[PDB]
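Everything on this sheet refers to the single structure shown next.
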Amino acid sequence: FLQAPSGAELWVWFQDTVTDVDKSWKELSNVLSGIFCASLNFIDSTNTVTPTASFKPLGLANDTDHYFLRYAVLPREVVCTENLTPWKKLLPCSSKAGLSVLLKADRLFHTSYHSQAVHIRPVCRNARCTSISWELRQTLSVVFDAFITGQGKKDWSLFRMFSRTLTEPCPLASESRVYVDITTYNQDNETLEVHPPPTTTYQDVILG
Amino acid sequence: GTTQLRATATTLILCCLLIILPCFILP
Amino acid sequence: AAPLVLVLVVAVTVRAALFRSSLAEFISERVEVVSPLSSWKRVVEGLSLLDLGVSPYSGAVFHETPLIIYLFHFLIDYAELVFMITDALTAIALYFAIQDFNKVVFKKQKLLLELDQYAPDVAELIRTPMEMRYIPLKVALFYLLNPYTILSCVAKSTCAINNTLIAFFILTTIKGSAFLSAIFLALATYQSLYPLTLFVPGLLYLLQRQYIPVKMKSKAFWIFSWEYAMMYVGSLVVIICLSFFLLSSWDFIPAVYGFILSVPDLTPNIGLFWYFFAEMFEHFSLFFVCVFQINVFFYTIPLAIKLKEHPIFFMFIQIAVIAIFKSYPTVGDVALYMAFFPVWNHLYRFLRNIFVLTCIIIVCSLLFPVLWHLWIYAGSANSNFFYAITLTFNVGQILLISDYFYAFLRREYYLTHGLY
Amino acid sequence: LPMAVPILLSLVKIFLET
Amino acid sequence: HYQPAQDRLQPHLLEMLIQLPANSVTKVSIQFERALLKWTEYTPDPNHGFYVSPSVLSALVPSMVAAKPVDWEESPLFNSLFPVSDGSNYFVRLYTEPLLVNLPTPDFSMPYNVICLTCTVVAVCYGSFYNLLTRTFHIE
Amino acid sequence: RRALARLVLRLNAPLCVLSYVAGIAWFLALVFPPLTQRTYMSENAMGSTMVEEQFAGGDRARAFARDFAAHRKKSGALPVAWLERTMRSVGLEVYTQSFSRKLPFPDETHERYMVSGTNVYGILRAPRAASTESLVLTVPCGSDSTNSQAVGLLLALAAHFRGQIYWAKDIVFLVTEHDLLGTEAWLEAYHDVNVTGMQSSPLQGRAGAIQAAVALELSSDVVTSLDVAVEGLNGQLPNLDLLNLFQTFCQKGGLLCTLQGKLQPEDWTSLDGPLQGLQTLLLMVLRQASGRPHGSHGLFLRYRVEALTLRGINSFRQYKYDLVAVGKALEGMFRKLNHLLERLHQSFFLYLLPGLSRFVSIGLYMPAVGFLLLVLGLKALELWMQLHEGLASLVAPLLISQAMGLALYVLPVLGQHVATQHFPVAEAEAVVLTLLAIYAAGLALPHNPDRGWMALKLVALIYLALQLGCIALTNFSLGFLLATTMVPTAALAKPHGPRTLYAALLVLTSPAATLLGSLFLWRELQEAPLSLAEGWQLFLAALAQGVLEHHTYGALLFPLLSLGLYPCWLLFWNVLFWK
Ligand SMILES: *NCCOP(=O)(O)OC[C@H]1O[C@H](O[C@@H]2[C@@H](OC[C@H]3O[C@H](O[C@H]4[C@H](O)[C@@H](N)[C@@H](O[C@@H]5[C@@H](O)[C@H](O)[C@@H](O)[C@@H](OC(=O)CCCCCCCCCCCCCCC)[C@H]5OP(=O)(O)OC[C@@H](COCCCCCCCCCCCCCCCCCC)OC(=O)CCC/C=C\C/C=C\C/C=C\C/C=C\CCCCC)O[C@@H]4CO)[C@@H](OP(=O)(O)OCCN)[C@@H](O)[C@@H]3O)O[C@H](COP(=O)(O)OCCN)[C@@H](O)[C@@H]2O)[C@@H](O)[C@@H](O)[C@@H]1O
Ligand SMILES: C[C@@H]1CC[C@@]2(OC1)O[C@H]1[C@@H](O)[C@H]3[C@@H]4CC[C@H]5C[C@@H](O[C@@H]6O[C@H](CO)[C@H](O[C@@H]7O[C@H](CO)[C@@H](O)[C@H](O[C@@H]8OC[C@@H](O)[C@H](O)[C@H]8O)[C@H]7O[C@@H]7O[C@H](CO)[C@H](O)[C@H](O[C@@H]8O[C@H](CO)[C@@H](O)[C@H](O)[C@H]8O)[C@H]7O)[C@H](O)[C@H]6O)[C@H](O)C[C@]5(C)[C@H]4CC[C@]3(C)[C@H]1[C@@H]2C
Ligand SMILES: CCCCCCCC/C=C\CCCCCCCC(=O)O[C@H](COC(=O)CCCCCCCCCCCCCCC)COP(=O)(O)OCCN
Ligand SMILES: CCCCCCCC/C=C\CCCCCCCC(=O)O[C@H](COC(=O)CCCCCCCCCCCCCCC)COP(=O)(O)OCCN
Ligand SMILES: CC(C)CCC[C@@H](C)[C@H]1CC[C@H]2[C@@H]3CC=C4C[C@@H](OC(=O)CCC(=O)O)CC[C@]4(C)[C@H]3CC[C@]12C
Ligand SMILES: CC(C)CCC[C@@H](C)[C@H]1CC[C@H]2[C@@H]3CC=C4C[C@@H](OC(=O)CCC(=O)O)CC[C@]4(C)[C@H]3CC[C@]12C
Ligand SMILES: CC(C)CCC[C@@H](C)[C@H]1CC[C@H]2[C@@H]3CC=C4C[C@@H](OC(=O)CCC(=O)O)CC[C@]4(C)[C@H]3CC[C@]12C
Ligand SMILES: [Mg+2]
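Respectively, the protein sequence lines represent chains A, B, C, D, E and F. Taking the UniProt record's numbering, the leading residue of the first sequence gets 103, the next gets one more, and so forth. Taking the UniProt record's numbering, the leading residue of the second sequence gets 218, the next gets one more, and so forth. Taking the UniProt record's numbering, the leading residue of the third sequence gets 2, the next gets one more, and so forth. Taking the UniProt record's numbering, the leading residue of the fourth sequence gets 527, the next gets one more, and so forth. Taking the UniProt record's numbering, the leading residue of the fifth sequence gets 415, the next gets one more, and so forth. Going letter by letter, the sixth sequence gives residues 10 to 398, 423 to 481, 491 to 621 in the UniProt record's numbering.
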């Protein structure tokens, strides 16, 4: 669904009203370093690039002038609890309720893959899409290895994955759902087995 | 423990100075 | 002459055979043979960058002058033919320059023999036409068949072109031609900054040839020196201004001359600047780079003081000093002043420490590839091994040049005061 | 120091001669 | 589109729009020469190597089946990450592996000795030329 | 000065003899405590940490060994389908590489003319890290009904390693085919360097920059002693840290590990200990001078990856160690290698080993070669000053010797098709016979005045000193072995004197004679004598193998010798027989 390069990756889109894109880039990189407890102050002219045809805006865009785009990546940056705690403290529930309680530092980093992302972009306020609304999307993708985590158990569970089970939804959220992929690519319209009966079953064309 | 970077005064400065001065200037 | 044609044919055949061999790729990538300012891959890269609309001087790979890019835009094909022709042309220019110099020095010797200015019994030191017959041929043979020159032209380095320019400057200076000598010296200074030091030897030889005493009270000396200096400066200014218009920008001046003077690459070479500045405290970087680039221009004035009446030996020593203390030295640069050795081989009897220094130079040269391979590819050696080889090579070069200088001084003293 | 050893000798010789 | 790097001021940037033929593997290779840096310009672990940033692959991969227009406020959050322009194509941004390359390294313990040795080599020429230019021959 | 020159003239022979004896004695003193040092760790990344081995899959390794042996017997070659299924079962990311090559001539020892094979390797992607570093555990498998236990233990180790999270580097489990040929093909394809002309399918999976490798050869259910081989291709050696890592686990696990097949205790009693030290040092010197890759690890060192070969032997010794113990040692070695935070740069890369736990660095054995080169330098100085007391006469011997060296290099590989048609000999034997014939034709000089011969001998001495020093820097053992035999005869040779004695001394120290003496010394050191007939047979086999390896793996012994050391010796031959 979402892929990120190893280490830190920061690409930003400045407004057309800005003048010193590089100065704002440096200031923003230092501020983000302070916010997320990562050594993003190492983003310099030696790391920064300006893609000419890649990394188009992910939200509503009147025009695409790449003069206002900066993209930097630090492949040796590490991610740990020192970076997850500021990330977890930016959520309204802040790991006290909802799905954020499943974010246990020990279990999340006992994984083959682990990515923490913060995306800010403008989206359509309504279906007419005549107005601008600001969206913040904080995502966390992990992959649990079948041999390391399972150790031959061959049965998966929320408790076995996160050392914690869901108890209550986040009271602030207007939608808190868990989607479990149950598609069998070879079997004739059969589905995977889930112990608790799901609320509903939803089918659509995802990733082709 | 460790070692800081310190010049080898006796080993090299003396050798590379007595390779120049007595070889060329003084005698 | 027939022997000159035979030597030219042998050299061209050897160069072509090595061009078509499988060792061309190996030679082309040698740090001793190519340099950041003279590699052929960088010429191809800078020519390819212009096809993309990118100025070749916006990167850190291309460091050659606009004249080279103009020459190799038309002559990107037949590059090996171009370099073979440049080597042959350098050989021809050196041959004729030395042939005229031999006549000039024999006329001088006959003059002081008629005036009886020499010692009563210096017959052994007297130069004879029989001994000078094959000196011009040996000068062209020590350059064409030098392994350094063969490698430098098989690798397709512009060092061969810069050597050709210096050789033509020597030829024009020896054959009068103040205008052509100034133009060729300006062209040589264009490619590398250091050859501007040859201005004093060229001026001294021109004044001696035109029979103007080099005296402070003399006015003809000042007039001729001013004409030569103005001619040189004008020929350099015109070249700079003209080659500005090739890309309509001044970015070549940094990428070439600031590169030469500031040594930003720090890439291994036979020189002494690569490690000194890799292993260096940043407190004294500016001071020591200033001192090291002063070193090249340091000896021209004191050498002119002692060698006022011997300008060609002064030019040979200056070429050797440039080749030794250049920021980015090359075996091709070293091979230019080893073409002058047959000229000064009459100094052999007064040459001490010749066998040991020649053996050291040969050992260091053969040991450059072996220790470079051990450091880089085998991984069992450090940069210290290569640094030690460069130190020994440069010490051998310095001692050899000072040894020839000492032999020259001994011969002059014996001629003046009396051999026993 | 190798630069200054012969220079000082020359200056001392000049001082003695003057 | 290619921009050249400047020492200590800019990285190399190289963007290409390649057309991958069906049922094929396309190899994109470019040559590089490792550079020797100053002894203070290396990382605290200089024998570990230097990381080359992972490459970015943007493409419109064809899809097995066509996707209907989606409503970002009535669809799962994993389906609204990227805007969809064509029904039969979806956008993917793959990142390749980081590359660990080793540069040639100086000694890191030889700044004083190298200064001494190179200065001695220079002083050899200085002293020899000074003697030859200053002193004059004498008998006995 | 003139007095110094006269003193050199008067004392050339005693000085040369004293220098040669000093070099020989300095080499023979390398095994004594003042010069030899006990090995130490010197790498804190591996010496300041410890590992607790939990390898218990000793029955899985045996079951895998039986299955692999049965499937190899059924297939008649390396079982690819079974290997790829078992690696998938244990959880590796299995791949397959198919390679092919045509040898210059039939290889009698390995019974191959055109080699086609497949390499099977599975990559254990390191969790919590990107694929940037790699460790290789390779089993050299050849058509010899061996290494099945090694393959089983490799698969069991992979199964144990797969379930762990503490891996900072990917682990490649490589099962080669056709012994070192498959390893060379895999390395060439992995690094995308076409160094030997091997044909192979493109690699689809890589594990990043390889940092260390261990080659495992094991053909028994239980071992009685582990053996470590360090000398690699072209006399190259791994970092001493890898050897110290291997040796430090013998004490930990109570294992009995030997170097060169010799177990040298730490008693170092002056009566017997230096003799075993000298035996091991001489075996190492000969093995390093041969320049051939003795195990699969030898081909790894060319790519700046430190490699080791751990053979297992079952040799009647009562205390038989277990496959579990061997697996524990391998697991500890790989875990400590994983503890490395950078490439191995500490310890040493140029050394000699007079024992498993003793070493001599380059600054302590270099005088042995330098003293021998001092003889050549002194003789060259003497000849120079005697000359100071002829282009035409020199150019003919120089060109003839260089041309005959070039013919010795180029002709034998070709002409086998031509020679076999006319002569009742095989394609492989024709190469060796042509080598010998050209070697003798060099002795039979066609073309054949003091200054001429002094000049030629001076040139030859300078050339020989250059070659000996340059070889000694890259391969000390080869340089020392060549110097010890050629320096005394090169110095002694001159037309005025006993010509028969000088010719005998020159022939008996020619590179072919040096190779024969090296083979005899090697067999004598292995406590296995040689008669003249079997010694000649082994010499012919060595010639064939040395010619073959130059093409197959890129060994420098054949080209270096036949192009530089043979013409240089022919120069001394022409000096002895001057016009
Ligand atoms: N908790 C607690 C803790 O612990 P504790 O307790 O504390 O404890 C522990 C600790 O410990 C430690 O300690 C420390 C450490 O350390 C570590 C380190 O590491 C690193 O380092 C390293 C490095 O790497 C290495 N490399 C090394 O190196 C070295 C250095 O360093 C030193 O210094 C030295 O050694 C060097 O060297 C030197 O210096 C040398 C110089 C001196 C001398 C000079 C000379 C003079 C002159 C000469 C003569 C004269 C002339 C005249 C004559 C006549 C170095 O070494 P190397 O490098 O090895 O090497 C050396 C060199 C090189 O080589 C050379 C050779 C050359 C070649 C050849 C030549 C040429 C030849 C020619 C030919 C012939 C001719 C012929 C002719 C004849 C004919 C007939 C007639 O180098 C050099 O430089 C050299 C020089 C050069 C010179 C010269 C040139 C040449 C020649 C000339 C002569 C002659 C010729 C001519 C003529 C003749 C004839 C004629 C007649 C007349 O070092 C180190 C080691 O040690 C580092 O680190 P890294 O990691 O790397 O990095 C880091 C940062 N990033 C550092 O830093 C550190 O520190 O440990 C140690 C140990 O280690 P190991 O590993 O075990 O070892 C290794 C070894 N390899 C210790 O020791 C210490 O202490 C601490 O620290 C800590 O860690 C701990 O903790
Ligand atoms: C004759 C013709 C002409 C040409 C030629 O021949 C033909 O001439 C020949 C001749 O001319 C040769 C030279 C002669 C002189 C030689 C000098 C020699 O250096 C000395 O070499 C000794 C060898 O025993 C010692 O060095 C040890 O070398 C071991 C390897 O062989 C290391 O193993 C050990 O260091 C280890 O370090 C880690 C510790 O845990 C270990 O216990 C310790 O074993 C080193 O010894 C260490 O050497 C260091 C210097 O590099 C320090 O001195 C250190 O001391 C420590 O210092 C600490 C404080 O700083 C203190 O707390 C601690 O207690 C001390 O232990 C000392 O242990 C000694 O040391 C060191 O000097 C150098 O290698 C080579 C050398 C140039 C030779 C090179 C080759 C030549 C030119 C030959 C050449 C061909
Ligand atoms: C190809 C890659 C690496 C190759 C390395 C080789 C490069 C070496 C090139 C140049 C090094 C030379 C430096 C010193 C040159 C000396 C110049 C010179 O001519 O001095 C001459 C003196 O020559 C010498 O003394 C040097 C000779 C002694 C040692 C050299 C000979 C042995 C070396 C050979 C080794 C290789 C042999 C292989 C086959 C040739 C003067 O001679 P002359 O005056 O004509 O005598 C008559 C008197 N009236
Ligand atoms: C006659 C014509 C030519 C003759 C010879 C030509 C070929 C010679 C070429 C190479 C021979 C030189 C041998 C290289 C010496 C290597 C020694 C070395 O590097 O040691 C290293 C340390 O060395 C040093 O400290 C300084 C080394 C200075 C070397 C100076 C002498 C080298 C050559 C001198 C003359 C050689 C023989 C000459 C005879 C004709 C590593 O030391 P270590 O043992 O690992 O560490 C232990 C504690 N520090
Ligand atoms: C044909 C010949 C006669 C031309 C002579 C001109 C050179 C002597 C000048 C022209 C451009 C100069 C360079 C222009 C820029 C720089 C960068 C400068 O380094 C910096 O970036 C520092 C900038 C700062 O100090 O603010 C160091 C001097 C250097 C190499 C200059 C050195 C002197 C150069 C080569
Ligand atoms: C051009 C000719 C006719 C005059 C003689 C040249 C040298 C004797 C000196 C005079 C001024 C020096 C330059 C003065 C200033 C600089 C800037 C300096 O810039 C840096 O600090 C970057 C390099 C570094 O610090 O390592 C590099 C050396 C350089 C080019 C110097 C190199 C050596 C130079 C050219
Ligand atoms: C390289 C130079 C210095 C020497 C020339 C080669 C030698 C290493 C070879 C040439 C002839 C060989 C000898 C030929 C015959 C024999 C007899 C044979 O010994 C025996 O008869 C064993 C004892 C017994 O008689 O029962 C095998 C060893 C020996 C001495 C050989 C030992 C090795 C020798 C001396
Ligand atoms: Mg270290």
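Positions of the beta carbon are idealized from the N, C-alpha and C atoms, including for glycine.
Alpha carbon to alpha carbon, how far is residue j from residue i? Give it in angstroms, no decimals.
i      : j      : result
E46/C  : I77/C  : 12 Å
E240/F : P247/F : 8 Å
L24/F  : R326/F : 51 Å
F293/C : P148/C : 29 Å
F107/C : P130/C : 8 Å
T159/C : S40/C  : 7 Å
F73/C  : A80/C  : 8 Å
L547/F : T531/F : 6 Å
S469/E : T510/E : 5 Å
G521/F : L580/F : 23 Å
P490/E : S276/A : 13 Å
Would you say the beta carbon of residue i is closer than 6 Å to some non-hydrogen atom of ligand 3?
i      : result
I504/F : yes
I318/C : no
Using only the heavy atoms of ligand 7, determine whether one of them is closer than 6 Å to the beta carbon of residue i.
i      : result
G559/F : yes
Is the Cβ-Cβ distance between residue i and residue j less than 7 Å?
i      : j      : result
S109/F : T233/F : no
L382/F : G511/F : yes
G304/F : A224/F : yes
Return yes when at least one heavy atom of ligand 4 lies under 6 Å from the C-beta of residue i, else no.
i      : result
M524/E : no
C360/C : yes
Got a sec: does ligand 5 put a non-hydrogen atom nearer than 6 Å to the Cβ of residue i?
i      : result
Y258/C : yes
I86/C  : no
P196/C : no
Can you give me the Cβ contacts of residue i inside the same chain, cut-off strictly under 6 Å, excluding the 5 residues immediately before and after it?
i      : result
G191/F : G126, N128, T185
Once you ignore the five residues that flank residue i on each side, which residues in its own chain have a CB closer than 8 Å to its CB?
i      : result
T556/F : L523, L524, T527, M528
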